[PDB]
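> Sharing a structure below in structure tokens format, with a few things to ask.
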Amino acid sequence: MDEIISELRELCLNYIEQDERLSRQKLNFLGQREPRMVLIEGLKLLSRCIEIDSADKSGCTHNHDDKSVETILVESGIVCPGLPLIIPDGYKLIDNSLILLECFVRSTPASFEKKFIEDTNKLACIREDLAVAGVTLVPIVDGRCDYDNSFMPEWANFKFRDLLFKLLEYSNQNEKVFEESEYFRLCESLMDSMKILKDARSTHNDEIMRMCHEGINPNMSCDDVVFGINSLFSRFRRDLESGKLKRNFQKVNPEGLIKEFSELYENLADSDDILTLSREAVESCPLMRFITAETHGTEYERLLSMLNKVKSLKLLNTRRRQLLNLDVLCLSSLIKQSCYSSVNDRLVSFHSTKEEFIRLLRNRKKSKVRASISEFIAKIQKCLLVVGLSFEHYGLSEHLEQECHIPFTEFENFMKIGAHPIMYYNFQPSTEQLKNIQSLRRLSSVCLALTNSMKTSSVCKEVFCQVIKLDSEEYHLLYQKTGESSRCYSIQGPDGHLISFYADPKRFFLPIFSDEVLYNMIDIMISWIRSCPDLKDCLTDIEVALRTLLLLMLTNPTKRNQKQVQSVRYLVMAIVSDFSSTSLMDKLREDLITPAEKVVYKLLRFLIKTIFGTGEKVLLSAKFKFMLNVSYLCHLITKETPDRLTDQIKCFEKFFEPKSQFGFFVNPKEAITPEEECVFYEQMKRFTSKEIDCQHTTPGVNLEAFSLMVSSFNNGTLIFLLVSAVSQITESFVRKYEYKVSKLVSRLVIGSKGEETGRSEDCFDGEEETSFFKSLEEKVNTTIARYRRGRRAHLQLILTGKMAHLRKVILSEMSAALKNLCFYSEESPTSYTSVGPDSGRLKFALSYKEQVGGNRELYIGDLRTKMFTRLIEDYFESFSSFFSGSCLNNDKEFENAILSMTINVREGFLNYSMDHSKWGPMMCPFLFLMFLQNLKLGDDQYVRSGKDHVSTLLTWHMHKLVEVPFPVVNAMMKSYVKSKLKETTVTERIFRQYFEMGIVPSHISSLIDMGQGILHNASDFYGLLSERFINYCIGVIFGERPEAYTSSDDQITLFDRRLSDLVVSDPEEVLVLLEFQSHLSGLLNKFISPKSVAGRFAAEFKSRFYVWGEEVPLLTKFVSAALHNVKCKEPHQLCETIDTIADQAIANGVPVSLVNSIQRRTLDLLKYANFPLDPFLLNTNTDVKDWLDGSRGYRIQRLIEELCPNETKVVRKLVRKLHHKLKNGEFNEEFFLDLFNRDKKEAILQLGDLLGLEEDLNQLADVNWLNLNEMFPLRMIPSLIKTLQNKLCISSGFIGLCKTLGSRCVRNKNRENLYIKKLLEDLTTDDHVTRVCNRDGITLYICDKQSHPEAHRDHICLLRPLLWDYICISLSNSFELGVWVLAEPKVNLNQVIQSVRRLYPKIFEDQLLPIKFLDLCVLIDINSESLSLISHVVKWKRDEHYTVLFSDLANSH
Ligand SMILES: [Mn+2]
């Protein structure tokens, strides 16, 4: 009591720093005794300590006097009346800028990150107002996770909080009791299943806990279940000869399949059989394949580089014109003394002007200012100002050169200069099969559309002419719109030749230099299909077909062309297979338009008739491999969402359709209203009511078989406005194309959407506030209503608009408040109802993933809910770890799945490679709750609890609130208003109509959700058990138990022999079995998809197909990915990603010769970026299959072992000696002394002298390669340290990598930034330096001992030897992968500890936490900051099984 008060009073002024502001509160704290005053004073002072401590740490003046942002502005004389009311903790005002500090200390990660995000939002809210006011904000907040501060030592404040803690308990004993703010204090600091909350579970968690027991008998005996199965069957079978449907499951006659495929689309694709006819149609389909097959046939051009480099500084209408005189002038002193697209002088910005609008812009810009006297008045000032951007940031020698061309300008020369060159089909030679220059023109008519996002805003014939380079002759483009949007391009040649078409540049990266990879992919393919029936003249037929197909697919990329060629895998899987759904041929049909797509149809049918036509069962394996690969040929299209909005409406629709047929209850409340209880009552009642003849596609579980399942697990047998309307209304008669007006009317979602509170609603609303800016606008609309009456005292929309807007006006007409930013956390769990944890109710939001076929749904929710959901998704994971069938993240189980699959398939037993359908929207947390609160787990107080925590996190998920994404609701309201003002309305367009007759939807909340991926381990658990039960029903009825597996949305069922003899013997039984397994799954929530099969030789478990024995390689699958995945990074890492993906590729059977070609393509891309190819950039382009038994180390060593062939012959026996005498008896530390890494690399000399024989200074000094990251990393502290710290569009990536890597990127010893150009030329021309190439410039072949005026600028200090970086590597490669890496032709914590074993960097590597030779290899890795010798195996997973062509293990070194 009194003793603690006295202790505090004597502790505040005797142990805390004496500050002017702190004293004000210190004295008042000392002057009180009553507990409530003591607490408030102590808490406030504890707040102020951190407040001013962090404000001074930032250096921004603290807001002690509670000065407002407006006050902070006005104390400096800045008058901006009207601003968001904010009270920054620390502020520093300057002439035109502001620094605001918001500070807070939070213990729990969740509350910390929360307060972080809304503090960022609060700062960003006033961003535009601060900017337009003439100042700017310094964005910064002080997120501290501790109380250590300058004003007090740690022990002082720690004991302080202890005393306040104990005095809280004393006060809580007294009548200072606080309802739950007492909790927010105390447990707010004075994972694993937080149970410290109260329990308010009343009158709702009892009905829900009752429906899970009303009807079920979870204890049935061990032989009272058999009698139930035998009476659920044979009550089905006898209702199959008349009742439902013949099983949806029929057999296959391959000819029937092929003919049914052929007769698809009776309408327009109507059996155009003749090959030549099809190809003739093909070569004429779009407008672009009409060129790709057509058979057509430096003083300037550098001045643009200079005229362009000085362009990013300024860009205005008055500019870019006299920036073009400096170019047209250059076009007259080079043709008179003697490109140009015939009226157009290619000006700065890829722009193109008219030679006649110029030469008339002057003479009225110049004349407004004796014209010949007025000559040179601007052509000289421009030179002077551009040269004003001098060696300032290294303005290079290009400057005086222009002083020769430009000053030749005269008004007797600009009388005709543009008047001199006054000059303002093709066909389709089809024989362009197999002609490498028919794709080699795509590989250059895409780079002229790809490097076209690289234009800028830049404000007739104003057309952004790029250049189609090619051998010698060059064409153009002509378009008018930039960005990543669509526009109508053109081409131009020597004759006009408007080959107009319409495409999207983002889609065209795949062929951007790949002319020799595709032509060998499509050539290897046809090396599989050298088959006996086709040896007649059809190989040419197939070859022309396949090439004319790949051309269409690359040349006309679009979603349908992907979904189609993807679906053509199901048909072939069926043709080789032996049963199949009967509703299949409606799983293949699209709405083909755009004759390209129809011709793709015809080509596919031609391929299928040819290969799968007569003479079957002779080489079907090869034909199957061929065709599945042609199926995967779909990946060549980019997976990048053709449009955004029309790919959000689709995702929302795919979410919201089943809810249309079940129930939804738009926009619930935070407190579950009676209506929600009624609707959930009804939905549970229906969900548990599904008779023994199910509607076959609707969510439901039948409480007569569900009882059997739960009871067979519990038994031990299956184991082992008044302003809104007015604002729109006044402007309506103030705004009087009209589609902008339609937008204006559809901007009306303010008198219909005002939901939630929090953050729901996400510019002209504020613009009218500043636009009007009149005297009295914030009171009632009395004046506004007066104008409307006094006014009246493509036009119908205006009158009904006044009718609507007149309609609108008629119908429309204390706690720790300050210490909130301080230790007190406002929100946190407390007493929780059965709906939610009292802070919220498990909010969510959905967006689409990006995939090949169809965009897949994704649920993303804020971090607290992502913390809670982790508890369920881990409890169920640990649960299923006891059962041995699932395979989702149990990776060790996948290998056994593969082994069993192979042992099965090898013999001829079935594989019912099913795939379930609508797995997202046909599962409900209710079902897992039913399944759990009915299981009978063992002894209590350690299982019996945590069950009542999983089964109350689930009950939380039940009532989630997904969000209607804002663009979707905007679009649907547009559609509604368009329809109403002025059919084809899909179902989800009518619900908006009813509700917007009343109130808008915002949130949707229903039982059948199972957020895709959210509970994706709970789903796996359920599926595993259900399959383990159905494969018991089938066992008791028919007589065999077929094993299964699962992924959470895939499956398999490897029936044994006794259920495989029947298909050959009698299919009329196994047909019934595949009907019954498809029926019970219907009773439960498992709906088998029509894409399933039961192939006696085929399989498909998570996309790893099979054939008798071996695996279908899926060549095109991996090639299509390696040719992608080129991301903007450091090229020494961009070429790491590919050297991983190529190892992945050669894991499966991509042949080595295509791998080299992929690598050559990537190197060629870099070389196009103008980036020197130092020998460590991308791996050897001469590879044995040696991707096995070799790390990246071995490739790079092998490269240096041939880029300098006989120098690296001595430094390989020196290393032999070093390794011979390092492991056994010596160095092990003194080698770090001889590493000498502090100083220069004479180490080679002293270390050759140390133990070994003659070694000249040549083999060391001579080979020396330019290295860009020598002294610092280059702009856009070792490497392995950064990686360990890290373990605490794609065609607008390249179009950026080629922009930054050419500019000032490299850095110097004194933070100086240089180009690659000057640095790469000086080493070649301006020294006794020899800089010749070997396919990669190993600059400065000599650098004699580096005896020189060293550090000239940088180009001599900036280049390190080679035969040393060969030594350190060719050592690291000798403990990691054996001894032979010299002879002539493990995990994170470890590495952290052996990094600590030299403790100096641990001081930086430690605080981010909230063997025999490994020391040496870690050292060598830490020094060599370029590749990976250790840090590799901890970033990129290697592969386990390797098989590649046996004709590559024969050509080996
Ligand atoms: Mn599958």
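So you can find residues: chains in the structure tokens are A, B, ... in the order shown, residues in each start at 1, and ligands are numbered from 1 in order.
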Around ligand 1, at most 12 Å away and counting only C-alpha atoms and all ligand atoms, which residues are there? Put them as a PyMOL selection string, please.
chain A and resi 569-570+573+911-917+1045-1053+1088-1094+1098-1105
> Give me, as an mmCIF file with C-alpha atoms, in the first residue's frame, all polymer residues having an atom no more than 9 Å from range 55-59 of chain A, counting only C-alpha atoms and skipping those fewer than 2 positions away in the same chain.

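What landed in selection-v9.cif:
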```cif
data_model
loop_
_atom_site.group_PDB
_atom_site.id
_atom_site.type_symbol
_atom_site.label_atom_id
_atom_site.label_comp_id
_atom_site.auth_asym_id
_atom_site.auth_seq_id
_atom_site.Cartn_x
_atom_site.Cartn_y
_atom_site.Cartn_z
ATOM 1 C CA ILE A 50 9.554 7.158 -24.505
ATOM 2 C CA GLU A 51 7.813 10.031 -26.311
ATOM 3 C CA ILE A 52 10.598 12.575 -25.937
ATOM 4 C CA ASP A 53 13.313 9.883 -26.015
ATOM 5 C CA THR A 61 11.096 18.469 -31.847
ATOM 6 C CA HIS A 62 8.647 16.797 -29.490
ATOM 7 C CA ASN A 63 5.030 17.941 -29.276
ATOM 8 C CA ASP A 89 4.635 13.066 -31.458
ATOM 9 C CA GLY A 90 7.743 14.617 -33.008
ATOM 10 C CA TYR A 91 7.912 17.365 -35.594
ATOM 11 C CA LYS A 92 10.549 19.367 -37.461
ATOM 12 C CA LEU A 101 7.154 11.207 -36.031
ATOM 13 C CA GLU A 102 4.523 8.847 -34.659
ATOM 14 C CA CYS A 103 5.835 6.623 -31.882
ATOM 15 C CA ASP A 142 8.993 5.090 -34.403
#
```
> Which residues, written as a ChimeraX atom specification, have at least one atom at most 10 Å from range 391-397 of chain A, with only C-alpha atoms counted and residues fewer than 5 positions away on the same chain left out?
/A:306,309-310,386,1304,1312-1315,1318
> Determine the nearest neighbour of residue 513 in chain A from the options A:400, A:890, A:1161, A:48, counting only C-alpha atoms.
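Distance minimum relative to residue 513 in chain A lands on A:1161.
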> Return as a PyMOL selection string the full set of residues in range 841-894 of chain A whose backbone-based DSSP assignment is strand (DSSP E or B).
chain A and resi 843+846-848+857-859+886
> Generate a file of the selected residues that holds N, CA and C atoms, formatted as a PDB file, in the first residue's frame.

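Contents of the output file selection_25.pdb:
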```
ATOM      1  N   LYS A 843     -12.301 -11.266 -40.514  1.00  0.00           N
ATOM      2  CA  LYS A 843     -12.481 -10.678 -41.830  1.00  0.00           C
ATOM      3  C   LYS A 843     -11.519 -11.305 -42.829  1.00  0.00           C
ATOM      4  N   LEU A 846     -10.501 -11.507 -51.015  1.00  0.00           N
ATOM      5  CA  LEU A 846     -10.086 -12.465 -52.027  1.00  0.00           C
ATOM      6  C   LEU A 846      -9.575 -11.769 -53.277  1.00  0.00           C
ATOM      7  N   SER A 847      -8.572 -12.382 -53.896  1.00  0.00           N
ATOM      8  CA  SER A 847      -8.089 -11.982 -55.202  1.00  0.00           C
ATOM      9  C   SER A 847      -7.628 -13.231 -55.926  1.00  0.00           C
ATOM     10  N   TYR A 848      -7.401 -13.087 -57.222  1.00  0.00           N
ATOM     11  CA  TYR A 848      -7.112 -14.217 -58.083  1.00  0.00           C
ATOM     12  C   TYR A 848      -5.622 -14.493 -58.131  1.00  0.00           C
ATOM     13  N   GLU A 857      -8.644 -18.935 -57.089  1.00  0.00           N
ATOM     14  CA  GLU A 857      -9.016 -18.015 -56.023  1.00  0.00           C
ATOM     15  C   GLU A 857      -7.983 -17.995 -54.905  1.00  0.00           C
ATOM     16  N   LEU A 858      -7.865 -16.841 -54.256  1.00  0.00           N
ATOM     17  CA  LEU A 858      -6.926 -16.684 -53.156  1.00  0.00           C
ATOM     18  C   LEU A 858      -7.567 -15.818 -52.088  1.00  0.00           C
ATOM     19  N   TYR A 859      -7.526 -16.280 -50.840  1.00  0.00           N
ATOM     20  CA  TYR A 859      -8.048 -15.541 -49.702  1.00  0.00           C
ATOM     21  C   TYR A 859      -6.882 -14.988 -48.896  1.00  0.00           C
ATOM     22  N   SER A 886      -1.959 -39.400 -46.417  1.00  0.00           N
ATOM     23  CA  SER A 886      -1.894 -38.103 -47.069  1.00  0.00           C
ATOM     24  C   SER A 886      -0.503 -37.832 -47.604  1.00  0.00           C
TER      25      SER A 886
END
```
> Counting only C-alpha atoms, what are the residues of range 1220-1273 of chain A within 12 Å of range 1191-1201 of chain A, and for each of them which pair of atoms is the nearest and at what distance in Å, to one decimal? Sort the table by chain and rising number, as a Markdown table.

```
| residue | atom | partner | partner_atom | distance |
| --- | --- | --- | --- | --- |
| A:1263 | CA | A:1200 | CA | 10.5 |
| A:1264 | CA | A:1200 | CA | 11.7 |
| A:1265 | CA | A:1200 | CA | 11.1 |
```
> Any idea what's packed within 10 Å of residue 204 in chain A, counting only C-alpha atoms, ignoring anything in its chain fewer than 5 positions away? Could you give it as a ChimeraX atom specification?
/A:209-210,672,677,833-835
> Considering only C-alpha atoms, return as an MDAnalysis selection string whatever protein or nucleic-acid residues lie within 9 Å of residue 215 in chain A, sequence-local ones (same chain, fewer than 4 positions apart) excluded.
chainID A and resid 211 688 703:704 707
> For the residues in the current selection, export C-alpha atoms as a short mmCIF file (atom, residue, chain, number, x, y, z; two decimals), in the first residue's frame.

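Generated file (out.cif):
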```
data_model
loop_
_atom_site.label_atom_id
_atom_site.label_comp_id
_atom_site.auth_asym_id
_atom_site.auth_seq_id
_atom_site.Cartn_x
_atom_site.Cartn_y
_atom_site.Cartn_z
CA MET A 211 -26.95 -29.91 -34.88
CA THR A 688 -27.75 -32.21 -42.84
CA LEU A 703 -26.73 -38.08 -41.80
CA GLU A 704 -27.33 -41.76 -42.52
CA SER A 707 -23.10 -41.67 -39.04
#
```
> Skip residue 162 in chain A itself and residues of its chain fewer than 4 positions away, then list as an MDAnalysis selection string all residues within 8 Å of it, counting only C-alpha atoms.
chainID A and resid 158 166 190
> Find the spatial neighbours of residue 1353 in chain A, counting only C-alpha atoms, within a cut-off of 10 Å - ignore same-chain residues fewer than 6 positions away - and output them as a list in words.
residues 1308, 1319 and 1322 of chain A
> Between A:1151, A:1302, A:766, A:493, which has the minimum distance to residue 1320 in chain A (counting only C-alpha atoms)?
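Among the listed residues, A:1302 lies closest to residue 1320 in chain A.
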> Go through A:535, A:446, A:961, A:816 and flag the residue nearest residue 666 in chain A, using only C-alpha atoms for the distances.
A:961
> I'd like to know which residues of range 208-316 of chain A are alpha helix (DSSP H) (by DSSP, run on the backbone); could you write them as a VMD selection string?
chain A and resid 208 to 211 226 to 232 254 to 262 275 to 282 303 to 309
